[PDB]
Every structure is written in C-alpha cells, then in structure tokens.
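Shown next, in structure tokens, is the structure this report addresses.
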RNA sequence: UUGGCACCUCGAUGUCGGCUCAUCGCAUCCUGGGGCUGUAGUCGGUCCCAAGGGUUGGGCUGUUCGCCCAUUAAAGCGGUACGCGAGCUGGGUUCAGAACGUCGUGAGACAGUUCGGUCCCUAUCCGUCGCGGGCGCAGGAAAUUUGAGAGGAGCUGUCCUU
RNA sequence: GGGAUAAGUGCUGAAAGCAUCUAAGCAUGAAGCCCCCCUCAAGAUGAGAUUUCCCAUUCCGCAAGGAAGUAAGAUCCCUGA
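Residue numbers (PDB author numbering), protein chains in the order written: chain j, 61 to 118; chain a, 2 to 176; chain t, 2 to 37; chain X, 2 to 208; chain c, 4 to 145.
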C-alpha cells in the first residue's frame with residue numbers, strides 16, 4: 061500500500077516521503093496504511109486528505 | 002600571451018558572415034569556407050574586425066578560446082593568399098609528373114604512385130624535382146601533402162623520396 | 002621505448018601528455034618514450 | 002549473376018584441343034521457366050523463382066496448378082529462387098535455358114549431397130582411429146568429451162550422426178560446352194549430389 | 004480485504020520520445036509505467052501494464068565515453084563464442100535491441116518480465132504503425 | 001614447480017606417462033602491422049599491437065623433461081582433478097613370487113636396482129549429436145522465402161619477373 | 001574486396017603568443033573486429049514474408065457454444081530408392 065500511496069500521491073504531485081510527513085503535521089492522523097490506501101477506492105477522498113497535507117507543506 | 006584576444010582584419014575582399022549557428026561562412030575571390038564552431042564561442046564582428054568574445058574562464062574554454070579565432074585566421078587569409086606547400090624529391094630513379102590530374106610519381110617501388118587530389122586542391126608539377134600542392138584549407142592542403150610524404154618516407158642514410166621544403170633529416174653514417 | 006618511469010633525458014625533450022599517456026617527445030628519436 | 006538449375010546424369014571424360022583429359026559432368030538443366038518475379042517493391046528483396054522438369058497432372062495440386070498461371074505452362078516440380086540477377090531482362094514466361102553460358106564462364110554450383118546414412122565418428126568428421134593392437138580396446142570411437150570442472154559436454158564436440166543430406170556449393174568450375182540441341186551442360190570436375198538429383202548451376206563470385 | 008484487481012483492468016498506450024535523453028534515466032521511467040507504478044489499482048501479479056511505444060530510437064544520447072567503452076556481450080552456448088559489440092555499432096546498425104535489452108534488464112524476471120516486455124514496442128523514429136490505438140503523449144518527469 | 005597448513009573427501013575423490021578429442025588464457029614461435037636500432041642492402045636484437053590460423057617425423061629411455069638425427073614460415077609456453085581409465089593402454093611406482101647390493105643377531109627392510117604380476121559396469125538424469133510424434137503461429141492448405149541469430153572457413157612455402 | 005578500429009604515422013591548431021597527433025576537427029593503419037564466401041535457420045511465442053488454392057455447410061443450444069458430414073489438400077495400405 062506504500063506503492064498504492066505513491067500511485068495516488070503523485071497524481072496530486074507529492075511523494076510518499078513528503079506525504080507521510082504532511083499527514084503527520086497537518087492532522088496527527090493515525091490512519092491505517094491500508095486505509096489511507098483504500099482512500100483510493102473512493103477517490104477523491106484521498107486527494108482531499110492530500111489537500112490537507114499541502115497546507116502544512118507551506 | 003593569448004591568441005584569441007588578437008584581432009582579424011579584413012580590408013578587401015574576403016567577406017565573412019554570421020550564418021547561425023554558428024556556421025561562419027567566409028567568402029572572397031578564391032572561394033568560400035564553412036567551419037562549424039561549437040556554441041560557446043560568441044564571435045563579435047566589428048568594422049572589418051572579426052573577434053572572439055569568450056563565454057567564461059575555464060580550461061575547457063581557454064583551449065577553445067584561441068582556436069576558433071585562429072581557425073578563421075587561417076580561413077580568411079586563405080581566401081586572399083591561398084596556401085601551398087613545397088615537396089622536394091631527392092633520389093636517383095625518382096621523378097615526378099602529373100597525368101590528367103593524378104600525380105604520377107615514379108618512386109623506386111616497382112609500380113608508380115598516383116595521388117588523386119580533392120576538389121579545390123591544385124597539385125602543381127613545377128619540375129622533375131619539386132611538387133607543389135595549392136589550395137585553401139590548411140587542414141586539407143598539408144594533410145594532402147602528408148598523404149604524399151608517406152609514399153617514400155625519408156630514410157636517414159640517404160634522404161630519399163618526398164620531403165618538405167625545407168626540412169632537416171637526421172643523418173646516419175651507414176658503413 | 003615503453004616504460005613506467007617516463008622522463009626526459011636531455012633538455013631537448015618535451016613532456017606531452019597525449020591520450021591519458023604521459024609521453025615524452027624529443028628531437029633525438031631514442032628519447033621516444035611512453036607509459037602504456 | 003546468371004543461374005539455371007536442373008538434374009545431372011553422370012560423369013564423362015572429354016579431351017579437347019590438346020592431349021588433355023577433363024573430368025566432365027552432364028547436366029539436364031534446360032529449360033527453366035520464369036514463374037514469379039520476386040520484387041523489392043513488394044517483398045523487400047529481388048529474386049526470380051525458376052521451375053524445372055514438368056510433371057504430369059496427377060502429381061500436381063490446385064494450389065500449385067494456379068501458380069503456373071502467370072507463366073501459362075504445365076505444372077513443374079522443382080522450384081527455387083535466385084538472388085539476384087541483373088534487373089531484369091526477364092519476363093514471367095520466358096524459357097531460360099543453356100544459351101547464356103560458354104567455355105569460359107567461371108561458375109559456382111550448388112546441390113543436395115549424396116546422403117550416406119548414419120555414420121560414425123571417423124567417417125563423419127575425419128576423426129582418427131585409435132590403436133588396433135597392443136591390447137587396446139579403444140578403436141573406431143570418438144573418445145574424450147571434455148574436462149571435468151565444467152561438468153558438461155561443450156556444444157560442438159563431434160559425435161556420430163546422419164552424414165549427408167545438406168546442400169553444398171562447390172565453387173569456381175568451368176562450364177565446358179553448350180548443347181542447346183540436346184539440353185546438356187558439361188562442367189569440369191565433380192559436382193555434388195547423387196545420381197539424378199537437382200543441381201543449381203549459378204555464375205560464380207569472382208575474382 | 005483490501006482491493007486487488009483481476010481482469011477488470013484497462014490498458015492505455017503511450018509515447019516516450021527519446022531525443023535528448025540518456026538511456027538510462029528513461030528506462031527506469033518506462034519500466035515503472037510498463038509495470039504500473041503509477042496506477043493506484045496496483046496489485047503486483049496481475050499485468051497492470053499501460054504500455055509504451057518508443058519513438059526516435061535513432062536519436063538516443065548517453066553521456067560519457069560510452070559509445071565506445073560500453074560494450075554489449077551476447078555469448079552463445081558454444082565455447083568462447085561470445086560476440087561483443089560497442090554501443091556505436093548498436094546505435095547505427097540497430098538500436099531496437101538497445102532499448103529492449105535495457106527494459107528487459109529493468110523488469111522483474113520470470114513470467115512477468117515476459118509479459119511486461121510483450122507490452123513494449125520500439126520503433127525507429129518517428130514512424131510507427133499504431134494509428135489505430137491512439138497513444139497519448141507521455142512527457143517525462145525528469 | 002618444491003613447499004607450509006590440514007579446511008571437502010580414508011562406509012574409497014584412481015595416482016605418473018602415452019593414444020584419442022580438444023577448448024581457453026595470452027606473458028608470442030611464426031604469419032600481418034609498426035617504434036627504435038650498436039638498422040648501408042641481406043639476416044638480426046629489442047619493445048609494441050594482434051589469438052584468426054598453423055603449430056612435425058624419428059632414435060633413446062616408462063618417462064614429462066632432456067640430448068641428438070633431418071626437415072621446417074615456425075617446431076611457443078601454460079590452465080582445464082599436473083584435461084581426458086563408467087573412452088583405452090599399464091611401461092614405472094606400490095600387492096603377494098623371485099633375486100642382487102646394503103643394513104639387522106633374526107623375522108625382514110630400502111624414493112637403491114631387476115624378471116613376472118585378473119584394469120569390472122546392460123547409461124537413470126543433465127549434457128552432447130542426429131532423427132521423429134504432438135501442439136502453436138486467430139480458418140484450413142501447397143510452394144518459395146526474408147534473416148534477428150547460430151556455426152564453418154580464417155595457415156602459408158617456394159619459383160620467375162620487376 | 002567494403003566499413004569502422006589497435007600500435008603507429010599525421011595535417012591543423014590552442015590552452016602555454018612559438019612549439020604541441022588532441023584538448024574541439026579531419027585522416028591513414030593489422031592474418032585482428034564487422035560483413036562480404038559457405039552452411040543452418042520464423043518454436044524468431046517478437047511464430048515474419050509473398051504466390052496460388054478451398055470455401056464460407058448440415059443439425060442442436062433463443063444465445064455464448066457444441067457436435068455430425070465435407071471442399072482445398074493430406075494420411076493409413078501397397079511397389080520401392
């Protein structure tokens with residue numbers, strides 16, 4: 061599922077090495093890594109979490 | 002103690018363009034020469050003055066600095082003067098003439114040697130002894146005469162075969 | 002000649018590093034050396 | 002390069018012009034018919050199929066009966082290409098025969114060699130027999146395969162097999178005469194292939 | 004019970020132009036697409052390849068001396084019968100074996116490194132008969 | 001190579017040398033091509049690149065090696081279980097017999113010598129070299145092909161003219 | 001024979017005003033390399049090619065599909081080389 065984050069995180073222009081920093085800051089989100097994956101089954105629910113990532117990437 | 006900061010003068014009439022990129026096309030009475038230069042060299046053409054404006058200072062650039070000027074300094078003054086070389090046959094059963102435009106040398110090999118010149122190269126036959134090539138490109142003319150000297154390279158005992166004018170062969174006392 | 006200690010002998014010898022090979026070139030053709 | 006193909010018959014001796022003695026083959030190769038012109042505008046390369054030695058209609062099939070329709074002649078057994086003639090001077094339907102050749106044309110000749118059957122290591126490769134006496138049991142046999150450390154036989158170690166049956170070019174022959182009256186070639190020397198096999202008589206690769 | 008696709012996957016043809024690019028940094032960018040390291044429905048055993056038709060096979064640069072110092076090796080099973088060849092012979096004669104050998108070196112070998120490799124095509128620039136599949140142009144990430 | 005050590009094998013890994021069949025590495029004997037020459041031509045020394053090919057018939061001894069006979073463009077080294085015994089020969093070492101010198105009081109001993117002295121195997125698998133039967137190649141068929149790829153060939157001596 | 005190369009041999013020219021086979025640029029050069037010469041060869045699953053053939057049945061399964069009879073051709077069987 062770490063590949064299944066980069067196969068979605070790079071759709072929105074981020075990397076897993078940066079994305080999992082974003083979820084650790086903006087939010088203290090303890091999301092399951094199969095379930096921040098699953099957030100792909102119903103995209104763009106994942107992108108709106110990736111939207112939450114980029115706000116503390118600035 | 003540089004070369005590419007020297008200047009190239011063109012009074013008349015060897016005209017030079019800035020045909021990009023960067024195919025600097027000489028003209029003139031003799032002909033036209035097209036040396037293609039690598040894109041770091043930024044030639045500034047003043048009033049009858051060709052120059053070199055270098056991009057920067059590295060050993061890549063400095064070794065390419067003086068050359069691109071002094072290729073043109075061979076080119077531009079080659080469409081006014083031309084260039085020529087002097088071959089000097091020393092030997093006994095060794096002689097020279099042309100036939101058609103091949104250069105028939107009866108060098109002491111059991112078959113005569115013929116040297117076909119290229120376009121824009123005129124290898125004169127002045128006499129039995131000397132042979133003169135005449136053209137425009139120094140990297141062609143001297144290179145054609147280098148294709149001639151290796152017919153019979155000069156042996157050190159009796160200096161034989163083709164030989165540039167003038168040239169000092171190191172001499173051995175064979176006994 | 003070919004040797005790993007390429008040096009000029011007389012002062013008429015130049016040391017010209019052609020092709021990654023420290024060659025010494027001179028007038029007298031018994032100075033003709035190379036490491037290679 | 003010109004080339005025709007056909008059967009041979011056998012060997013003769015024909016002396017000529019001197020006190021000589023020439024080993025001469027006899028070839029049936031006339032006449033060939035141009036059946037199809039392979040063209041590089043369609044197939045990439047240039048060739049001409051030639052057919053030879055027409056057969057009766059019981060021996061020929063409807064895929065191949067219609068193949069001779071462009072030349073409009075009888076069905077015909079032996080078909081092969083020839084890459085690649087001077088282009089063209091040929092038309093599909095022109096009866097190529099012996100008339101090209103002469104006494105002096107240097108000629109390569111190809112054909113399928115006389116198959117001798119399953120033969121052992123001496124006869125198939127020129128390998129050498131061991132000692133026939135001195136108590137030695139090793140004779141007639143190929144012997145040592147290879148070393149020990151690679152633990153295998155290297156590919157190419159010669160062994161018994163079926164000798165023959167390949168196609169062999171034999172070069173630089175001299176066509177002696179031309180017999181368009183009898184459809185007969187005459188070639189100096191030995192020509193590969195058994196009695197009555199098919200033989201392609203090219204022109205050589207010279208010089 | 005996460006999701007793992009099987010025979011419900013749709014494949015999309017691409018084009019990579021290798022013109023002023025190294026060997027070398029695009030093979031690892033074509034392999035990941037052939038293997039499918041960008042579709043989020045990525046299940047590793049199920050042939051996820053949206054696949055690439057390479058154009059300008061005659062134009063590939065590669066830095067350093069490696070036209071003349073990098074040498075291929077295609078050894079047979081015959082003793083000492085290797086046929087080596089420099090890259091300059093392979094850039095001129097046929098580079099169709101240059102890239103396909105590179106991608107076959109990229110992929111996981113087995114029965115996917117055949118199936119990922121059956122997906123790729125290489126065409127010498129710039130003509131390719133794939134009008135009837137319409138590949139979108141994949142510009143590269145660099 | 002003579003060695004050191006004793007780490008695979010003493011419920012067995014056959015040891016010297018020949019015959020066959022080779023491959024491979026070049027640190028090259030030639031042959032191709034060159035620098036230097038203390039190279040006048042001739043023939044060399046020496047250093048460079050180069051494995052494609054060739055690299056002999058004996059006498060002697062078990063011999064590898066070695067010397068010598070005569071040729072040759074030359075008669076290269078070296079690895080591959082000092083290649084190769086489920087492919088062969090045992091001529092020696094190292095089975096018992098038998099002697100000789102030497103040693104021991106004696107049985108006997110000796111890398112000191114000599115004459116004689118059962119070399120087993122129906123090929124399972126992988127290899128190798130040939131032959132077939134399926135199947136596939138988006139319908140079945142018959143001919144001729146193209147060539148990605150695989151091999152084979154790759155040696156040279158004289159002589160006459162110039 | 002062709003084409004690129006080894007060691008050479010260079011023609012130009014700088015950095016380092018001259019010089020300098022090299023760094024940009026162009027050559028020549030070996031029984032070496034790649035072909036040409038000869039053999040295999042589309043099982044080359046990347047299964048290529050062109051030529052000429054036979055045709056586009058009869059029944060079931062509404063359908064996907066399955067059988068039975070058949071053309072082009074071939075095979076068994078026989079005389080053999």
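Every residue, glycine too, gets a C-beta built ideally from N, C-alpha and C.
At the level of alpha carbons, what is the spacing between residue i and residue j?
{"i": "residue 137 of chain a", "j": "residue 118 of chain a", "result": "13 angstroms"}
{"i": "residue 24 of chain a", "j": "residue 60 of chain c", "result": "28 angstroms"}
{"i": "residue 206 of chain X", "j": "residue 2 of chain X", "result": "9 angstroms"}
{"i": "residue 78 of chain c", "j": "residue 42 of chain c", "result": "38 angstroms"}
{"i": "residue 168 of chain X", "j": "residue 142 of chain c", "result": "54 angstroms"}
{"i": "residue 21 of chain a", "j": "residue 7 of chain a", "result": "23 angstroms"}
{"i": "residue 141 of chain X", "j": "residue 165 of chain X", "result": "20 angstroms"}
{"i": "residue 99 of chain j", "j": "residue 117 of chain c", "result": "32 angstroms"}
{"i": "residue 177 of chain X", "j": "residue 152 of chain a", "result": "46 angstroms"}
{"i": "residue 36 of chain a", "j": "residue 10 of chain a", "result": "18 angstroms"}
{"i": "residue 13 of chain t", "j": "residue 28 of chain t", "result": "7 angstroms"}
{"i": "residue 49 of chain X", "j": "residue 186 of chain X", "result": "21 angstroms"}
{"i": "residue 97 of chain c", "j": "residue 123 of chain c", "result": "17 angstroms"}
{"i": "residue 118 of chain X", "j": "residue 162 of chain X", "result": "8 angstroms"}
{"i": "residue 10 of chain X", "j": "residue 174 of chain X", "result": "17 angstroms"}
How far does the alpha helix (DSSP H) with residue i in it extend, from its first residue to its last?
{"i": "residue 204 of chain X", "result": "Element bounds for residue 204 of chain X: n/a, residue is neither H nor E."}
{"i": "residue 68 of chain a", "result": "60-76"}
{"i": "residue 54 of chain a", "result": "Here residue 54 of chain a belongs to no alpha helix (DSSP H), and DSSP marks it neither H nor E."}
{"i": "residue 150 of chain a", "result": "139-150"}
{"i": "residue 135 of chain c", "result": "Segment: none, residue 135 of chain c is in no alpha helix (DSSP H) and carries neither H nor E."}
{"i": "residue 77 of chain j", "result": "76-85"}
{"i": "residue 120 of chain c", "result": "118-122"}
{"i": "residue 108 of chain c", "result": "99-109"}
{"i": "residue 65 of chain j", "result": "63-69"}
{"i": "residue 91 of chain c", "result": "90-95"}
{"i": "residue 109 of chain j", "result": "105-115"}
{"i": "residue 53 of chain c", "result": "Here residue 53 of chain c belongs to no alpha helix (DSSP H), and DSSP marks it neither H nor E."}
{"i": "residue 150 of chain X", "result": "Note, residue 150 of chain X: premise wrong, no alpha helix (DSSP H); not H, not E."}
{"i": "residue 98 of chain j", "result": "95-98"}
Please look up how many angstroms separate the CB atoms of residue i and residue j, rounded, as I've assumed it's under 8 angstroms.
{"i": "residue 62 of chain X", "j": "residue 51 of chain X", "result": "Actually they do not touch by this definition, with Cβ atoms about 19 angstroms apart."}
{"i": "residue 54 of chain X", "j": "residue 84 of chain X", "result": "About 22 angstroms; that fails the 8 angstroms criterion."}
{"i": "residue 43 of chain a", "j": "residue 26 of chain a", "result": "Not really, about 17 angstroms apart at Cβ, beyond 8 angstroms."}
{"i": "residue 88 of chain a", "j": "residue 149 of chain a", "result": "6 angstroms"}
{"i": "residue 112 of chain j", "j": "residue 86 of chain j", "result": "5 angstroms"}
{"i": "residue 170 of chain X", "j": "residue 111 of chain X", "result": "4 angstroms"}
{"i": "residue 124 of chain X", "j": "residue 93 of chain X", "result": "About 45 angstroms; that fails the 8 angstroms criterion."}
Who pairs with residue i in a beta bridge, going by DSSP?
{"i": "residue 20 of chain c", "result": "c:58"}
{"i": "residue 99 of chain X", "result": "DSSP, once it has assigned bridges, lists no residue as partnering residue 99 of chain X."}
{"i": "residue 14 of chain t", "result": "t:27"}
{"i": "residue 89 of chain a", "result": "a:131"}
{"i": "residue 34 of chain c", "result": "Looking at the DSSP assignment, residue 34 of chain c forms no beta bridge with any residue, so it has no partner."}
{"i": "residue 74 of chain c", "result": "c:89"}
From which residue to which residue does the beta strand (DSSP E) around residue i run?
{"i": "residue 174 of chain X", "result": "168-180"}
{"i": "residue 1 of chain X", "result": "Because chain X is modelled from 2 through 208, residue 1 of chain X falls outside the range shown and cannot be assessed."}
{"i": "residue 1 of chain X", "result": "Beyond the ends of chain X as shown, which are 2 and 208, falls residue 1 of chain X; an answer cannot be given."}
{"i": "residue 119 of chain X", "result": "118-120"}
{"i": "residue 124 of chain a", "result": "123-125"}
{"i": "residue 115 of chain a", "result": "114-116"}
Return yes when at least one heavy atom of the ligand GTP lies under 7 angstroms from the C-beta of residue i, else no.
{"i": "residue 75 of chain c", "result": "For the ligand GTP, the structure offers nothing, since it holds no ligand at all."}
For the stretch 62-89 of chain j, list every residue whose C-beta sits within 8 angstroms of some C-beta in chain c, in sequence order.
Taking 8 angstroms as the cut-off between beta carbons, the residues of the stretch 62-89 of chain j near chain c are 63, 64, 66, 67, 68, 70, 71, in sequence order.
Which residues, in chain order, does the stretch 73-88 of chain c contribute to contact with chain X at a C-beta distance below 7 angstroms?
Listed in sequence order: 80, 81, 82.
Which residues, in order along the stretch 40-71 of chain X, keep a beta-carbon less than 7 angstroms from a beta-carbon of chain c?
none
Taking Cβ-Cβ distances below 8 angstroms as the criterion, which residues of the stretch 97-113 of chain j are in contact with chain c?
97, 98, 100, 101, 103
Near-chain j residues of the stretch 106-126 of chain c - C-beta to any C-beta below 9 angstroms
So the list is empty, because no residue satisfies the distance condition.
Going along the chain, which residues of the stretch 155-176 of chain X sit with their C-beta nearer than 7 angstroms to a C-beta in chain c?
Near chain c, meaning a CB-to-CB distance below 7 angstroms, the residues of the stretch 155-176 of chain X are 155, 156, 157.
Contact residues within the stretch 32-46 of chain c, judged by C-beta distance below 7 angstroms to chain j:
Within the stretch 32-46 of chain c, the residues whose Cβ lies closer than 7 angstroms to any Cβ of chain j are, in chain order, 40, 41, 42, 43, 45.
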